[PDB]
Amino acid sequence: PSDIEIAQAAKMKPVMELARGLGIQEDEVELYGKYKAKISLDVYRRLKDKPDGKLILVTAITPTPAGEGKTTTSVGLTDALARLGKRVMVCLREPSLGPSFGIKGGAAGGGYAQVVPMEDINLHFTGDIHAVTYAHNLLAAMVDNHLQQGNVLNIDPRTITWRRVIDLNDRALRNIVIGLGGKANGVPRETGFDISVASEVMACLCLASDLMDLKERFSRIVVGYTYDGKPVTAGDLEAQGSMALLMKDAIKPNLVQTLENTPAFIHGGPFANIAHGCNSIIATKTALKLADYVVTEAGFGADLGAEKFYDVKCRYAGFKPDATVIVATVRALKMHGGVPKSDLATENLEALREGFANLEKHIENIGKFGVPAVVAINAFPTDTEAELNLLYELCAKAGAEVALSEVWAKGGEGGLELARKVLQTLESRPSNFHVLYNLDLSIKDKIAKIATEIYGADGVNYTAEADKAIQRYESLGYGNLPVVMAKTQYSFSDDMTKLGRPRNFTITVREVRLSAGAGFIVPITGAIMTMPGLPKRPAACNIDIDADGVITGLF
């Protein structure tokens, strides 16, 4: 059937059951209807000394338009592990609302490997993204107001880096002039809007230890500079309290479940380019004390998500990932061997071997962190046996454990093979985890290592702006932070057409922005889209809902 038909055919257990079965007190649960809830921060605070379960990351090979299925696999693996009688959770990211009205409206996973309720997840859910948005825009309000009231701190409005947010895809608000209409109405200036999920505030929600840490981060944010170049912060404006208060429910992870009633957290949902691409630390760390096994994931390929997962999230949280799955398809692999999307159903053993180079590299890279990999093949109905076997073999020739996953079609039952290979790994392969780089390196040094060790670049080139920008940040003492690489995702390089694995290439860093709040540095290599726009016939036009509450055109 279809993703949505399946969600609706499903039978959901009240979430309080699940809460209780995990050893969550009824006074720590906060229902939003009988199938979603917020879990207090007190749970972690009281289980602070229990041991952490096993931490498992689901990443993948370089994205293609032919599709990977990295979420499907986190949920299916999770549903197999439940069927082997394991005490397991899954942690996932909340999607933006914006797609639902432009292009998609999509399942959190797909087939018989989703998290539910699907409707609520795609609409307002528990309002987490409304609170980010209000927190971001209050700050900007307070900025523009502070100019109006004499601008005591002597900010140069033209230097302001803090923009606005909204969780709709509105190209019209990319570049605006505000502050018009007179001396009563503010100070004219050039600014604009980004999509709310790209908010530094969303990044902070996802890297905070607790509410008081969320507040200190807020206070550290850079909104702009004085006429002399001194930086001004959210704390210079006394914004941090108000913004923390506006997030007091948002900071609590949201408990949901799979089609098969395995417990799931959904919490946070940042960008994976100008930010790190994970769900929150709060949820993953809470899941760790509530389960023996935690399955989580990260955006884009392992060159980006996984690398940041390890180098940002784990570093902050003090997590030691115990294993990592890497997803791949025979379809996707052939594209990396030059086959076009048109011809993906024609068998091509030759193309599959060449395209394998993409996967081979990721495995090596995952190697670099001392985490035991496992390849998981997403089964696809037009894949011939010759192909699959050849893949299986090539992973083994690369010394990698590999499994067939049919979790899309068959649910927890299609994940069993993979689950077993995962369990086989946890018990018998102790992880030797370490960050790829030290924080004391310079900014250029950190970018080199990643660019050379992870992307396979000969080296890195900097523009005059980027050079001047790094020289400034280091001089303000922002130089011993991590680094978050804003690159394309469709290649190891920064050339979207250079399908993996290219050699003899260099990476170029065109701009450098700062996220003092989240606590990192962002090198840009391409033009980055922080606010997408609607297509010619947006989905909104065809969405409807009748008298009986039956919805259409949403999925």
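Counting begins at 1, following the sequence as shown.
*Comparing 29-37 with 524-532, which has the greater mean CA B-factor as deposited?*
Averaging CA B-factors over each stretch, the winner is 524-532.
_Test of understanding: from the entry's C-alpha B-factors, which stretch has the higher mean, 414-422 or 162-170?_
Between 162-170 and 414-422, it is 414-422 that shows the higher mean C-alpha B-factor.
_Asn261, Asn185, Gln240, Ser431, ranked by C-alpha B-factor: the highest one_ = Going by the entry's C-alpha B-factors, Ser431 comes out highest.
*Quick one: which of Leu214, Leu288, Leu333, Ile266 has the biggest Cα B-factor according to the entry?*
The record points to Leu333.
*Among all modelled residues of this chain, ranked by Cα B factor, put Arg87 in the bottom, middle or top third, i.e. lowest, middle or highest.*
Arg87: CA B-factor falls in the middle third of its chain.
*asked:* Lowest, middle or highest third: which one holds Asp144 when the chain's residues are ordered by CA B-factor from the entry?
replied: Lowest third, going by the recorded CA B-factors of the chain.
*What third of its chain, lowest, middle or highest, does the C-alpha temperature factor of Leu390 fall into?*
For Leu390, the deposited C-alpha B-factor lands in the highest third.
*CA B-factor ranking of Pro95, expressed as a third of its chain*: Lowest third, going by the recorded CA B-factors of the chain.
*State the tercile, meaning the lowest, middle or highest third, of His124 with respect to the CA B-factors recorded for its chain.*
Bottom third by C-alpha B-factor.
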